[PDB]
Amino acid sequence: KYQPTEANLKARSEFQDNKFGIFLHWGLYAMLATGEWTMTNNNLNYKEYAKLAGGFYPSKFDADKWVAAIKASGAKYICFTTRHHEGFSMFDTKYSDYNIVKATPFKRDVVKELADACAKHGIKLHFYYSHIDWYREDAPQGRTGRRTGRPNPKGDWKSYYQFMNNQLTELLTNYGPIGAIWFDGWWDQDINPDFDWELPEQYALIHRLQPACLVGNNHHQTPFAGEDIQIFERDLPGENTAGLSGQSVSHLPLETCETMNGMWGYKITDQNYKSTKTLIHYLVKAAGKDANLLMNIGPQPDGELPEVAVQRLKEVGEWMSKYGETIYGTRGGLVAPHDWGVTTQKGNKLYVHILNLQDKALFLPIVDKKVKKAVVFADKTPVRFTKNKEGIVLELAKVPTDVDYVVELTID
């Protein structure tokens, strides 16, 4: 029954072309510095938690600096937590005083400042928005938020649902063009299979306000009517390592998310950042399975992006400046992921991303199609290959030890 508009369909293709975005988890939980789940993990009282807002002053926040650092990685979009499960709004809302402008001494709308910086730098802006809420007294309780001290575990769905829609209206009118709404929390009511999220009306609201905006919902199900992208939580499309999303794979654009260290919202214990090579491999492997990668940073309560995260972004971007052509604008490749790497493709080119190879030769199961040419992407040096009944065999100059040794094949 859902009919995407032309503008929406163009947006979907642009999203797939862009390939690489940065997740930003920032909320009051950054003060506690123990994770965005702390409020329900530690059964904190909702009114006591809200007192934190009077001490929230991220004095070194600079939206220009954030977006410039994110652009330097080769990322093309940002997904920002406008309001997480804690229920604190990081924007100037007229529907709750529990927001960054009214309830903190900082008194600044960081979502507006980020929107302006994104326009300056040519970065698209996506909004994460929590379907669940551990703070509001009208929010129904599912699996989480049962020990916040609130009086009405049933909530008042008509009131809560209207509040959500009123806020979505603000986010889709007051902050310029928005590339996507990224919903989360559906899983909180999976104990109640008859729970009615009333998503057709809510998705219709979004597309009415901005037809080009993409709707995603992190529910781990076959996408519902009106969704424009499909999300896989730390699990890569056809895979369920973390146990969070081993679902089907569909006709909508795919996106998977990873953290750069161990955490989403800022954790002060967590200073083990993954290597630049590991991060580049996340991006390449995602692209190789026809999926975007959303890589998360958790900003500090002083308003700075972690120093090590900024440096890792910079080095990923140095790689992208050389190899971005093999990622941007591509779709998942003809040759499926293997232990040695993955392929992406664009036009008549198949990029063979050799990530983990022990040998000086590589068999590729390319049988039906003729490989017209094979070169080293970096310098266009020829790569010899032979044909056998099962495909082709690349003869490489050495055992590759590069982060990603890309061979560019021409196929017609």
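Numbers for residues come from their place in the sequence shown, where the first is 1.
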Legend entry - Higher-scoring stretch by recorded Cα B factor average, 205 to 213 or 237 to 245: 237 to 245
Inset, instruction - With reference to the PDB entry, specify whether the mean Cα temperature factor is higher for 225 to 233 or for 101 to 109. - result: 225 to 233
Inset, instruction - Return the residue from 84, 312, 281, 94 that has the highest Cα B-factor in the entry. - result: 94
Inset, instruction - Would you mind finding, among 300, 326, 152, 73, the residue with the largest C-alpha temperature factor in the entry? - result: 152
Inset, instruction - Please place residue 9 in the lowest, middle or highest third of its chain by C-alpha B factor as given in the entry. - result: highest
Legend entry - Lowest, middle or highest third - CA B-factor, residue 191: highest
Legend entry - Chain-wide C-alpha B factor ranking for residue 391, given as lowest, middle or highest third: highest
Legend entry - Chain-relative CA temperature factor third for residue 173: highest
Legend entry - For residue 290, the third of its chain into which the C-alpha B factor falls: lowest
